[PDB]
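Colleague: Sharing entry_5.cif here; it has mmCIF, C-alpha atoms and all ligand atoms.
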data_work
#
loop_
_atom_site.group_PDB
_atom_site.id
_atom_site.type_symbol
_atom_site.label_atom_id
_atom_site.label_comp_id
_atom_site.auth_asym_id
_atom_site.auth_seq_id
_atom_site.Cartn_x
_atom_site.Cartn_y
_atom_site.Cartn_z
ATOM 1 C CA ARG M 1 -9.656 14.971 -4.554
ATOM 2 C CA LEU M 2 -6.223 13.450 -5.087
ATOM 3 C CA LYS M 3 -6.284 11.339 -1.925
ATOM 4 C CA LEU M 4 -9.497 9.753 -3.166
ATOM 5 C CA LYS M 5 -7.885 8.900 -6.505
ATOM 6 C CA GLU M 6 -4.880 7.523 -4.590
ATOM 7 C CA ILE M 7 -6.990 5.209 -2.466
ATOM 8 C CA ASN M 8 -8.840 3.957 -5.531
ATOM 9 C CA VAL M 9 -5.714 3.388 -7.622
ATOM 10 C CA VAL M 10 -4.072 1.365 -4.837
ATOM 11 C CA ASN M 11 -7.185 -0.819 -4.682
ATOM 12 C CA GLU M 12 -7.174 -1.236 -8.447
ATOM 13 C CA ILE M 13 -3.461 -2.115 -8.551
ATOM 14 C CA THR M 14 -4.002 -4.786 -5.922
ATOM 15 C CA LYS M 15 -6.812 -6.235 -8.054
ATOM 16 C CA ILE M 16 -4.527 -6.366 -11.105
ATOM 17 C CA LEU M 17 -1.572 -7.887 -9.232
ATOM 18 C CA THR M 18 -3.713 -10.566 -7.587
ATOM 19 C CA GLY M 19 -5.174 -11.530 -10.971
ATOM 20 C CA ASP M 20 -3.842 -14.003 -13.498
ATOM 21 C CA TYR M 21 -2.266 -11.735 -16.130
ATOM 22 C CA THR M 22 1.290 -12.445 -17.298
ATOM 23 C CA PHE M 23 4.123 -10.808 -15.375
ATOM 24 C CA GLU M 24 4.770 -8.317 -18.182
ATOM 25 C CA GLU M 25 1.070 -7.570 -18.853
ATOM 26 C CA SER M 26 0.511 -6.943 -15.097
ATOM 27 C CA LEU M 27 3.316 -4.405 -14.812
ATOM 28 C CA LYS M 28 2.077 -2.647 -17.943
ATOM 29 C CA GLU M 29 -1.472 -2.370 -16.643
ATOM 30 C CA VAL M 30 -0.240 -0.918 -13.322
ATOM 31 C CA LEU M 31 1.501 1.898 -15.178
ATOM 32 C CA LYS M 32 -1.597 2.411 -17.344
ATOM 33 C CA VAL M 33 -3.811 2.978 -14.302
ATOM 34 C CA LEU M 34 -1.206 5.330 -12.796
ATOM 35 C CA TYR M 35 -1.865 7.365 -15.893
ATOM 36 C CA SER M 36 -5.637 7.098 -15.927
ATOM 37 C CA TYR M 37 -6.119 7.602 -12.144
ATOM 38 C CA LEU M 38 -3.215 9.843 -11.124
ATOM 39 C CA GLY M 39 -2.087 11.592 -14.296
ATOM 40 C CA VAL M 40 1.364 10.021 -14.374
ATOM 41 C CA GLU M 41 2.351 10.656 -18.001
ATOM 42 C CA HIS M 42 5.664 8.781 -18.114
ATOM 43 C CA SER M 43 6.817 5.824 -16.024
ATOM 44 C CA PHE M 44 8.720 2.574 -15.960
ATOM 45 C CA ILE M 45 9.481 -0.406 -13.817
ATOM 46 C CA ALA M 46 13.029 -1.698 -13.911
ATOM 47 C CA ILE M 47 14.142 -5.096 -12.736
ATOM 48 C CA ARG M 48 17.402 -6.353 -11.360
ATOM 49 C CA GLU M 49 19.526 -8.693 -13.441
ATOM 50 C CA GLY M 50 22.166 -9.249 -10.784
ATOM 51 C CA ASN M 51 23.849 -5.881 -10.380
ATOM 52 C CA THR M 52 22.214 -4.195 -13.383
ATOM 53 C CA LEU M 53 18.749 -2.735 -13.797
ATOM 54 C CA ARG M 54 16.794 -3.065 -17.045
ATOM 55 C CA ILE M 55 13.426 -1.547 -17.922
ATOM 56 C CA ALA M 56 10.842 -4.355 -17.904
ATOM 57 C CA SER M 57 7.692 -2.346 -18.536
ATOM 58 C CA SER M 58 6.939 1.259 -19.430
ATOM 59 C CA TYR M 59 4.221 3.813 -20.115
ATOM 60 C CA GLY M 60 4.440 6.956 -22.229
ATOM 61 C CA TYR M 61 7.710 8.084 -23.820
ATOM 62 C CA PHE M 62 9.682 5.018 -22.667
ATOM 63 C CA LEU M 63 7.743 2.707 -25.013
ATOM 64 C CA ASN M 64 10.068 0.639 -27.225
ATOM 65 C CA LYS M 65 13.117 1.845 -25.268
ATOM 66 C CA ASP M 66 15.715 -0.629 -23.998
ATOM 67 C CA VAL M 67 17.565 1.055 -21.150
ATOM 68 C CA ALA M 68 19.760 -0.218 -18.331
ATOM 69 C CA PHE M 69 21.042 1.310 -15.087
ATOM 70 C CA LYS M 70 24.045 0.276 -13.020
ATOM 71 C CA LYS M 71 24.245 0.767 -9.261
ATOM 72 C CA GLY M 72 24.710 4.465 -8.498
ATOM 73 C CA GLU M 73 23.816 5.422 -12.071
ATOM 74 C CA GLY M 74 21.555 8.479 -12.092
ATOM 75 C CA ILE M 75 18.473 8.725 -9.913
ATOM 76 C CA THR M 76 17.039 5.269 -10.625
ATOM 77 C CA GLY M 77 20.483 3.710 -10.234
ATOM 78 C CA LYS M 78 21.024 5.206 -6.783
ATOM 79 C CA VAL M 79 17.621 3.993 -5.629
ATOM 80 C CA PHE M 80 18.548 0.533 -6.903
ATOM 81 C CA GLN M 81 21.816 0.515 -4.936
ATOM 82 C CA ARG M 82 20.608 1.934 -1.593
ATOM 83 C CA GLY M 83 17.004 0.782 -1.527
ATOM 84 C CA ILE M 84 15.871 4.246 -0.485
ATOM 85 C CA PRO M 85 13.607 6.473 -2.581
ATOM 86 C CA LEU M 86 14.446 9.724 -4.333
ATOM 87 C CA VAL M 87 11.992 12.556 -4.830
ATOM 88 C CA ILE M 88 13.358 15.161 -7.220
ATOM 89 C CA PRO M 89 11.387 18.334 -7.931
ATOM 90 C CA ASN M 90 11.971 20.166 -11.233
ATOM 91 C CA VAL M 91 14.049 17.187 -12.378
ATOM 92 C CA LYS M 92 14.489 18.638 -15.874
ATOM 93 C CA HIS M 93 17.435 20.681 -14.596
ATOM 94 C CA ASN M 94 18.754 18.523 -11.767
ATOM 95 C CA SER M 95 22.434 17.588 -11.840
ATOM 96 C CA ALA M 96 21.916 13.956 -10.847
ATOM 97 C CA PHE M 97 19.274 13.453 -13.540
ATOM 98 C CA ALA M 98 21.030 11.303 -16.146
ATOM 99 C CA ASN M 99 18.275 11.753 -18.729
ATOM 100 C CA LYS M 100 19.342 8.437 -20.233
ATOM 101 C CA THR M 101 16.417 8.560 -22.687
ATOM 102 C CA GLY M 102 16.311 12.189 -23.821
ATOM 103 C CA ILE M 103 12.916 12.465 -22.127
ATOM 104 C CA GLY M 104 13.967 15.769 -20.540
ATOM 105 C CA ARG M 105 13.276 17.768 -23.692
ATOM 106 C CA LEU M 106 9.708 16.504 -23.353
ATOM 107 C CA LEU M 107 9.276 17.540 -19.711
ATOM 108 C CA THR M 108 8.269 20.957 -18.387
ATOM 109 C CA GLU M 109 9.722 22.811 -15.403
ATOM 110 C CA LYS M 110 7.026 21.455 -13.078
ATOM 111 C CA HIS M 111 7.802 17.782 -13.702
ATOM 112 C CA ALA M 112 9.203 15.894 -10.725
ATOM 113 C CA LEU M 113 10.737 12.455 -10.685
ATOM 114 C CA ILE M 114 9.913 9.982 -7.942
ATOM 115 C CA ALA M 115 11.826 6.709 -7.871
ATOM 116 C CA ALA M 116 10.932 4.074 -5.277
ATOM 117 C CA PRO M 117 12.488 0.682 -4.560
ATOM 118 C CA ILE M 118 10.670 -2.608 -5.085
ATOM 119 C CA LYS M 119 11.700 -4.952 -2.241
ATOM 120 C CA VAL M 120 11.227 -8.637 -1.464
ATOM 121 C CA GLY M 121 12.202 -9.680 2.056
ATOM 122 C CA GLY M 122 13.646 -6.187 2.455
ATOM 123 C CA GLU M 123 16.038 -6.619 -0.493
ATOM 124 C CA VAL M 124 15.867 -4.468 -3.617
ATOM 125 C CA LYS M 125 14.682 -6.376 -6.668
ATOM 126 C CA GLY M 126 13.558 -3.419 -8.796
ATOM 127 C CA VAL M 127 12.679 0.263 -9.056
ATOM 128 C CA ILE M 128 9.520 2.121 -10.110
ATOM 129 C CA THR M 129 10.140 5.561 -11.572
ATOM 130 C CA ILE M 130 7.437 8.101 -12.400
ATOM 131 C CA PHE M 131 7.240 11.622 -13.797
ATOM 132 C CA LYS M 132 4.388 13.950 -12.837
ATOM 133 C CA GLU M 133 3.849 17.718 -12.666
ATOM 134 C CA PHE M 134 3.616 19.468 -9.298
ATOM 135 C CA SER M 135 2.961 23.097 -8.372
ATOM 136 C CA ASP M 136 4.536 23.006 -4.904
ATOM 137 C CA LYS M 137 7.055 20.872 -3.012
ATOM 138 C CA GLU M 138 4.550 19.890 -0.302
ATOM 139 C CA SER M 139 2.147 18.143 -2.695
ATOM 140 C CA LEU M 140 5.138 16.314 -4.140
ATOM 141 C CA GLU M 141 6.122 14.994 -0.719
ATOM 142 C CA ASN M 142 2.593 13.737 -0.076
ATOM 143 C CA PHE M 143 2.428 12.009 -3.465
ATOM 144 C CA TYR M 144 5.586 10.071 -2.699
ATOM 145 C CA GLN M 145 3.733 8.181 0.039
ATOM 146 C CA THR M 146 1.457 6.655 -2.611
ATOM 147 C CA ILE M 147 4.256 5.750 -5.010
ATOM 148 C CA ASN M 148 6.035 4.082 -2.085
ATOM 149 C CA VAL M 149 2.933 1.980 -1.458
ATOM 150 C CA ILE M 150 2.869 0.943 -5.110
ATOM 151 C CA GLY M 151 6.541 -0.054 -4.892
ATOM 152 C CA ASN M 152 5.638 -2.283 -1.971
ATOM 153 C CA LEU M 153 2.694 -3.870 -3.782
ATOM 154 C CA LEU M 154 5.081 -4.587 -6.659
ATOM 155 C CA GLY M 155 7.507 -6.201 -4.183
ATOM 156 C CA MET M 156 4.769 -8.549 -3.086
ATOM 157 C CA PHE M 157 3.981 -9.259 -6.749
ATOM 158 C CA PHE M 158 7.643 -10.062 -7.407
ATOM 159 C CA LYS M 159 7.494 -12.555 -4.501
ATOM 160 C CA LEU M 160 4.246 -14.009 -5.861
ATOM 161 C CA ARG M 161 5.665 -14.626 -9.323
ATOM 162 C CA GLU M 162 8.960 -16.068 -8.054
ATOM 163 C CA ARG E 1 6.234 12.509 12.335
ATOM 164 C CA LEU E 2 3.250 10.253 11.807
ATOM 165 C CA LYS E 3 3.597 10.134 8.025
ATOM 166 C CA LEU E 4 7.125 8.820 8.483
ATOM 167 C CA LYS E 5 5.989 6.048 10.843
ATOM 168 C CA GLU E 6 3.247 5.129 8.360
ATOM 169 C CA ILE E 7 5.752 4.864 5.537
ATOM 170 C CA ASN E 8 8.063 2.773 7.695
ATOM 171 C CA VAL E 9 5.322 0.415 8.907
ATOM 172 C CA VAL E 10 4.185 -0.215 5.334
ATOM 173 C CA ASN E 11 7.778 -1.078 4.354
ATOM 174 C CA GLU E 12 8.113 -3.322 7.428
ATOM 175 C CA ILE E 13 4.806 -5.100 6.776
ATOM 176 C CA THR E 14 5.848 -5.796 3.174
ATOM 177 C CA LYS E 15 9.120 -7.251 4.457
ATOM 178 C CA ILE E 16 7.235 -9.546 6.867
ATOM 179 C CA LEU E 17 4.676 -10.631 4.276
ATOM 180 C CA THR E 18 7.314 -11.427 1.627
ATOM 181 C CA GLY E 19 9.202 -13.589 4.125
ATOM 182 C CA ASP E 20 8.728 -17.205 5.081
ATOM 183 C CA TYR E 21 6.816 -17.046 8.357
ATOM 184 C CA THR E 22 3.724 -19.242 8.686
ATOM 185 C CA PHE E 23 0.421 -17.724 7.605
ATOM 186 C CA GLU E 24 -0.768 -17.190 11.173
ATOM 187 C CA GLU E 25 2.602 -15.933 12.501
ATOM 188 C CA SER E 26 2.714 -13.441 9.592
ATOM 189 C CA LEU E 27 -0.716 -11.992 10.421
ATOM 190 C CA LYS E 28 0.162 -11.742 14.090
ATOM 191 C CA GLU E 29 3.432 -9.938 13.306
ATOM 192 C CA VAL E 30 1.535 -7.404 11.171
ATOM 193 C CA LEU E 31 -0.735 -6.592 14.130
ATOM 194 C CA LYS E 32 2.273 -6.409 16.442
ATOM 195 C CA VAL E 33 3.961 -3.803 14.253
ATOM 196 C CA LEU E 34 0.698 -1.827 14.004
ATOM 197 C CA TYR E 35 0.943 -1.618 17.764
ATOM 198 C CA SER E 36 4.671 -0.886 17.937
ATOM 199 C CA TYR E 37 4.761 1.640 15.056
ATOM 200 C CA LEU E 38 1.277 3.216 15.183
ATOM 201 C CA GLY E 39 -0.074 2.576 18.695
ATOM 202 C CA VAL E 40 -2.937 0.320 17.649
ATOM 203 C CA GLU E 41 -3.695 -1.514 20.875
ATOM 204 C CA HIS E 42 -6.644 -3.669 19.743
ATOM 205 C CA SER E 43 -7.017 -5.283 16.331
ATOM 206 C CA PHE E 44 -7.924 -8.379 14.399
ATOM 207 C CA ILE E 45 -7.738 -9.863 10.928
ATOM 208 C CA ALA E 46 -10.774 -11.943 9.968
ATOM 209 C CA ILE E 47 -10.803 -14.337 7.042
ATOM 210 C CA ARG E 48 -13.588 -15.666 4.839
ATOM 211 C CA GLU E 49 -14.496 -19.311 5.319
ATOM 212 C CA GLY E 50 -17.288 -20.175 2.919
ATOM 213 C CA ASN E 51 -19.521 -17.134 3.337
ATOM 214 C CA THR E 52 -18.595 -16.196 6.915
ATOM 215 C CA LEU E 53 -15.682 -14.249 8.402
ATOM 216 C CA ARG E 54 -13.713 -15.798 11.241
ATOM 217 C CA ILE E 55 -10.992 -14.140 13.292
ATOM 218 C CA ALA E 56 -7.651 -15.564 12.149
ATOM 219 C CA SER E 57 -5.344 -13.329 14.172
ATOM 220 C CA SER E 58 -5.786 -10.796 16.938
ATOM 221 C CA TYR E 59 -3.988 -8.361 19.206
ATOM 222 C CA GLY E 60 -4.891 -6.880 22.582
ATOM 223 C CA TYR E 61 -8.430 -7.370 23.865
ATOM 224 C CA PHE E 62 -9.285 -9.771 21.037
ATOM 225 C CA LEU E 63 -6.610 -12.249 22.086
ATOM 226 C CA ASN E 64 -8.109 -15.725 22.618
ATOM 227 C CA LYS E 65 -11.580 -14.777 21.396
ATOM 228 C CA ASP E 66 -13.537 -16.754 18.787
ATOM 229 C CA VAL E 67 -15.807 -14.504 16.743
ATOM 230 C CA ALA E 68 -17.696 -14.920 13.474
ATOM 231 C CA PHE E 69 -19.276 -12.228 11.263
ATOM 232 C CA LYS E 70 -21.936 -12.654 8.596
ATOM 233 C CA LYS E 71 -22.396 -10.350 5.618
ATOM 234 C CA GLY E 72 -24.141 -7.203 6.803
ATOM 235 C CA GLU E 73 -23.642 -8.043 10.496
ATOM 236 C CA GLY E 74 -22.215 -5.108 12.429
ATOM 237 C CA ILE E 75 -19.501 -2.771 11.136
ATOM 238 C CA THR E 76 -17.025 -5.494 10.235
ATOM 239 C CA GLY E 77 -19.831 -7.478 8.566
ATOM 240 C CA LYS E 78 -20.797 -4.482 6.438
ATOM 241 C CA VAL E 79 -17.234 -4.069 5.167
ATOM 242 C CA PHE E 80 -17.329 -7.797 4.402
ATOM 243 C CA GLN E 81 -20.568 -7.398 2.429
ATOM 244 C CA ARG E 82 -19.818 -4.274 0.396
ATOM 245 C CA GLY E 83 -16.053 -4.444 0.143
ATOM 246 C CA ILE E 84 -15.746 -0.801 1.146
ATOM 247 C CA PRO E 85 -14.132 0.522 4.317
ATOM 248 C CA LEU E 86 -15.809 2.016 7.353
ATOM 249 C CA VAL E 87 -14.288 4.689 9.596
ATOM 250 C CA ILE E 88 -16.381 5.150 12.756
ATOM 251 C CA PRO E 89 -15.436 7.880 15.234
ATOM 252 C CA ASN E 90 -16.532 7.431 18.854
ATOM 253 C CA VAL E 91 -17.573 3.886 17.979
ATOM 254 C CA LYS E 92 -18.505 3.148 21.582
ATOM 255 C CA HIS E 93 -21.699 5.166 21.032
ATOM 256 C CA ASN E 94 -22.483 4.252 17.438
ATOM 257 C CA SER E 95 -25.843 2.678 16.594
ATOM 258 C CA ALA E 96 -24.361 0.136 14.147
ATOM 259 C CA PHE E 97 -21.711 -1.132 16.562
ATOM 260 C CA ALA E 98 -22.579 -4.764 17.289
ATOM 261 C CA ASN E 99 -19.909 -4.813 19.961
ATOM 262 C CA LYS E 100 -19.822 -8.546 19.397
ATOM 263 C CA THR E 101 -16.697 -8.963 21.507
ATOM 264 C CA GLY E 102 -18.003 -6.731 24.280
ATOM 265 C CA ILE E 103 -14.851 -4.648 23.790
ATOM 266 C CA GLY E 104 -17.210 -1.690 24.000
ATOM 267 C CA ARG E 105 -17.022 -1.417 27.788
ATOM 268 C CA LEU E 106 -13.219 -1.289 27.557
ATOM 269 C CA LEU E 107 -13.194 1.498 24.948
ATOM 270 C CA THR E 108 -13.251 5.212 25.782
ATOM 271 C CA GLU E 109 -15.365 7.723 23.882
ATOM 272 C CA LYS E 110 -12.279 8.704 21.864
ATOM 273 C CA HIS E 111 -11.798 5.247 20.326
ATOM 274 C CA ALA E 112 -12.577 4.927 16.641
ATOM 275 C CA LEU E 113 -13.088 1.729 14.677
ATOM 276 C CA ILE E 114 -11.510 1.426 11.231
ATOM 277 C CA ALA E 115 -12.304 -1.655 9.178
ATOM 278 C CA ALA E 116 -10.876 -2.247 5.710
ATOM 279 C CA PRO E 117 -11.470 -5.060 3.237
ATOM 280 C CA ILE E 118 -8.822 -7.574 2.241
ATOM 281 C CA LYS E 119 -9.398 -8.337 -1.441
ATOM 282 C CA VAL E 120 -8.036 -10.902 -3.862
ATOM 283 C CA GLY E 121 -8.913 -10.275 -7.502
ATOM 284 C CA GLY E 122 -11.323 -7.639 -6.211
ATOM 285 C CA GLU E 123 -13.243 -10.196 -4.119
ATOM 286 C CA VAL E 124 -13.455 -9.795 -0.337
ATOM 287 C CA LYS E 125 -11.507 -12.562 1.392
ATOM 288 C CA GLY E 126 -11.179 -10.884 4.779
ATOM 289 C CA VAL E 127 -11.294 -7.707 6.847
ATOM 290 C CA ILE E 128 -8.741 -5.995 9.062
ATOM 291 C CA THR E 129 -10.326 -4.102 11.940
ATOM 292 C CA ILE E 130 -8.531 -1.804 14.364
ATOM 293 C CA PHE E 131 -9.507 0.308 17.354
ATOM 294 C CA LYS E 132 -7.572 3.456 18.205
ATOM 295 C CA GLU E 133 -8.093 6.768 20.017
ATOM 296 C CA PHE E 134 -8.172 10.012 18.029
ATOM 297 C CA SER E 135 -8.636 13.618 19.125
ATOM 298 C CA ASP E 136 -10.189 14.929 15.882
ATOM 299 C CA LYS E 137 -11.998 13.668 12.777
ATOM 300 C CA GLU E 138 -9.195 14.937 10.549
ATOM 301 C CA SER E 139 -6.274 12.802 11.756
ATOM 302 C CA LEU E 140 -8.708 9.875 11.707
ATOM 303 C CA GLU E 141 -9.248 10.315 7.962
ATOM 304 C CA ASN E 142 -5.504 10.307 7.313
ATOM 305 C CA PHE E 143 -5.003 7.184 9.396
ATOM 306 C CA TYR E 144 -7.745 5.408 7.485
ATOM 307 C CA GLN E 145 -5.730 5.613 4.246
ATOM 308 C CA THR E 146 -2.903 3.676 5.856
ATOM 309 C CA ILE E 147 -5.166 0.932 7.222
ATOM 310 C CA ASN E 148 -6.625 0.614 3.721
ATOM 311 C CA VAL E 149 -3.097 0.178 2.357
ATOM 312 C CA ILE E 150 -2.458 -2.564 4.909
ATOM 313 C CA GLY E 151 -5.644 -4.352 3.827
ATOM 314 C CA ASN E 152 -4.299 -4.335 0.279
ATOM 315 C CA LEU E 153 -0.897 -5.684 1.350
ATOM 316 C CA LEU E 154 -2.805 -8.415 3.127
ATOM 317 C CA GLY E 155 -4.805 -9.106 -0.059
ATOM 318 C CA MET E 156 -1.508 -9.721 -1.874
ATOM 319 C CA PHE E 157 -0.431 -11.976 0.993
ATOM 320 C CA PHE E 158 -3.650 -14.021 0.801
ATOM 321 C CA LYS E 159 -2.949 -14.570 -2.920
ATOM 322 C CA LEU E 160 0.677 -15.455 -2.147
ATOM 323 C CA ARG E 161 -0.367 -18.136 0.326
ATOM 324 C CA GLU E 162 -3.266 -19.491 -1.736
HETATM 325 CL CL CL S 1 -8.937 -7.565 -13.199
HETATM 326 CL CL CL S 2 -6.506 1.572 23.305
HETATM 327 CL CL CL S 3 -19.384 -4.211 14.788
HETATM 328 CL CL CL S 4 -25.061 -1.226 4.615
#
Would you mind giving the structure from this file in C-alpha cells?

Modeller:
Amino acid sequence: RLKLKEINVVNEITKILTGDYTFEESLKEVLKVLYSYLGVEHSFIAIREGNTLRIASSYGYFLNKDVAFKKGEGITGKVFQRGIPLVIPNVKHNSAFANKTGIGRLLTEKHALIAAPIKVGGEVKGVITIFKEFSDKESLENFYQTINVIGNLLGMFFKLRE
Amino acid sequence: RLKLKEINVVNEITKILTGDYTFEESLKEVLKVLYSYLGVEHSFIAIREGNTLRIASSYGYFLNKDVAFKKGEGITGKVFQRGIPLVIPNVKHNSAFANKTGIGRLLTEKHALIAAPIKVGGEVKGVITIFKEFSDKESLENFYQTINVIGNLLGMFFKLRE
C-alpha cells in the first residue's frame, strides 16, 4: 500500500531532519529514502542564491551535476518564482520541460515530474523536484500531496539550520 | 475539496511554525487553524516533561484544563508509549477511552479520537490529539494521514525551539 509507505517515509524524513547530520548529508539522505520507500528514481533539491536556484543535493542521474535555474526557467524555475507546485504527467514530451540535464533520454513515457516549493515563513527558499512513473493521472495527483508535505518539512529544516 | 483544505492547512501550519511567535502562541495557532480549515472543534498538544505528558496547548473543551498522561495510560498515553498513532472511531464508547477530561459526555457517537506522536530524532516528545465527527470509517482513515503529518511538523518545531 502506497499510503502506508507515504506515512512511513514522512516519519523517517522527520527523524533525519531532526537529527544532527550536516545540512548537505541530511538533504542527501532524504532523497535516498524517497528512493527506498517510494521508488523515486531521480530527484534533487535546489536552493536559492538570491534570484537563482542551484542544485544542492541530488539522487540518481543528477549526481555530479552542477545546474542552476533562474526565475521562470523551466518547471523548477517557475515553481521557484511563484511558490506554487507543478505536477507534470508524461514530462518527457512536455513543452515547458527544459530538460536542462539531458535526463529525458533516460525517462520513459510514464515518468511524471513533481516540483514543490520549500518555504520558510511563507517565502520560497528552495524547490524539491522528483521523477516517478505513474500509470494514471489520479494516482499522480494523490502522490503530489506527499511531495508537498516533504517540501514543507524541508522548509522547517531550512529554518532550523538558519 | 477536503484534500485541498488539507494541503492548504499543512502549508499554513508550516508558515506559522517557521515564524517568530512564542512557543505557546505557535501551538495555539496550529490548533486554531485545524479548527478553521478542517473543523476540528476539540484538540490539544501535550508535551513530555521528564517521563510524563502535560497539555501545553488546547482548543475547545480542553481550554483551561490541566491534564497529565503517563506511558500506557489511556489512548493518548498509549501513543506516548509506543510512538505509533491511534485512530478510534466512536471513541465515546471505546473500552480504552480514559475520558480523563470528561469530554466524553460532550461527544456524540460520531466523534472519533485521533492521536499522533510528535517525535524528535525518532523519540516521542509529545502527542497531538483531536476529536472530530465522521460519518464513515473511510474518510476517517484519510484524515488520520493529515494529523500524522501535523505531528511531524510539530516534531520539527520542537527541535527548532530546543
Ligand atoms: Cl537517524
Ligand atoms: Cl465537535
Ligand atoms: Cl484516553
Ligand atoms: Cl498497548

Colleague: If you count only C-alpha atoms and all ligand atoms, which residues end up within 7 Å of ligand CL 2 (chain S), as a PyMOL selection string?

Modeller: chain E and resi 40-42+107+131-133

Colleague: Considering only C-alpha atoms and all ligand atoms, give me a table of residues in chain E that are at most 8 Å from ligand CL 3 (chain S), with the closest atom pair and distance in Å for each, as a tab-separated table.

Modeller:
residue	atom	partner	partner_atom	distance
E:73	CA	S:CL3	CL	7.2
E:74	CA	S:CL3	CL	3.8
E:75	CA	S:CL3	CL	3.9
E:76	CA	S:CL3	CL	5.3
E:77	CA	S:CL3	CL	7.0
E:96	CA	S:CL3	CL	6.6
E:97	CA	S:CL3	CL	4.2
E:98	CA	S:CL3	CL	4.1
E:99	CA	S:CL3	CL	5.2
E:100	CA	S:CL3	CL	6.3

Colleague: Find the residue from E:14, E:120, E:34, E:81 that sits nearest to ligand CL 1 (chain S); use all atoms listed in the file when measuring.

Modeller: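 Once distances to ligand CL 1 (chain S) are computed over all atoms listed in the file, the minimum belongs to E:120.
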
Colleague: Might I get the box with edges along x, y and z of the file that holds all atoms of stretch 126-133 of chain E listed there, padded by 5 Å on every side, given as centre and edge lengths in Å to one decimal, as AutoDock Vina command-line options?

Modeller:
--center_x -9.4 --center_y -2.1 --center_z 12.4 --size_x 13.7 --size_y 27.7 --size_z 25.2

Colleague: Pull out every residue of chain M that has at least one atom within 12 Å of chain E, counting only C-alpha atoms, and report them as a ChimeraX atom specification.

Modeller: /M:3-21,83-85,116-124,141-162

Colleague: Taking all atoms listed in the file into account, which residues are within 8 Å of ligand CL 4 (chain S), as a PyMOL selection string?

Modeller: chain E and resi 72+78+81-82

Colleague: Got a sec to resolve the PyMOL selection byres (((chain M and resi 44-61) around 8) and not hetatm) on this structure and send the residues as a ChimeraX atom specification?

Modeller: /M:24,27-28,31-32,41-43,62-63,66-71,77,80,103,125-130

Colleague: Create the file for the chosen residues now, containing C-alpha atoms and written as an mmCIF file, in the frame of the given file.

Modeller:
data_model
loop_
_atom_site.group_PDB
_atom_site.id
_atom_site.type_symbol
_atom_site.label_atom_id
_atom_site.label_comp_id
_atom_site.auth_asym_id
_atom_site.auth_seq_id
_atom_site.Cartn_x
_atom_site.Cartn_y
_atom_site.Cartn_z
ATOM 1 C CA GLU M 24 4.770 -8.317 -18.182
ATOM 2 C CA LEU M 27 3.316 -4.405 -14.812
ATOM 3 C CA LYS M 28 2.077 -2.647 -17.943
ATOM 4 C CA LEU M 31 1.501 1.898 -15.178
ATOM 5 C CA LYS M 32 -1.597 2.411 -17.344
ATOM 6 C CA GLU M 41 2.351 10.656 -18.001
ATOM 7 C CA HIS M 42 5.664 8.781 -18.114
ATOM 8 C CA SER M 43 6.817 5.824 -16.024
ATOM 9 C CA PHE M 62 9.682 5.018 -22.667
ATOM 10 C CA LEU M 63 7.743 2.707 -25.013
ATOM 11 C CA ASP M 66 15.715 -0.629 -23.998
ATOM 12 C CA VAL M 67 17.565 1.055 -21.150
ATOM 13 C CA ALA M 68 19.760 -0.218 -18.331
ATOM 14 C CA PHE M 69 21.042 1.310 -15.087
ATOM 15 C CA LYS M 70 24.045 0.276 -13.020
ATOM 16 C CA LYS M 71 24.245 0.767 -9.261
ATOM 17 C CA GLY M 77 20.483 3.710 -10.234
ATOM 18 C CA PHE M 80 18.548 0.533 -6.903
ATOM 19 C CA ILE M 103 12.916 12.465 -22.127
ATOM 20 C CA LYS M 125 14.682 -6.376 -6.668
ATOM 21 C CA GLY M 126 13.558 -3.419 -8.796
ATOM 22 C CA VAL M 127 12.679 0.263 -9.056
ATOM 23 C CA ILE M 128 9.520 2.121 -10.110
ATOM 24 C CA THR M 129 10.140 5.561 -11.572
ATOM 25 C CA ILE M 130 7.437 8.101 -12.400
#

Colleague: Do you know which residues are at most 9 Å from stretch 108-111 of chain M counting all atoms listed in the file, after dropping those on the same chain fewer than 4 positions away, and could you put them as a PyMOL selection string?

Modeller: chain M and resi 88-93+104+131-136

Colleague: Find, counting only C-alpha atoms and all ligand atoms, the residue in M:23, M:1, M:29, M:112 that gets nearest to ligand CL 1 (chain S).

Modeller: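 The shortest atom-to-atom distance to ligand CL 1 (chain S) comes from M:29.
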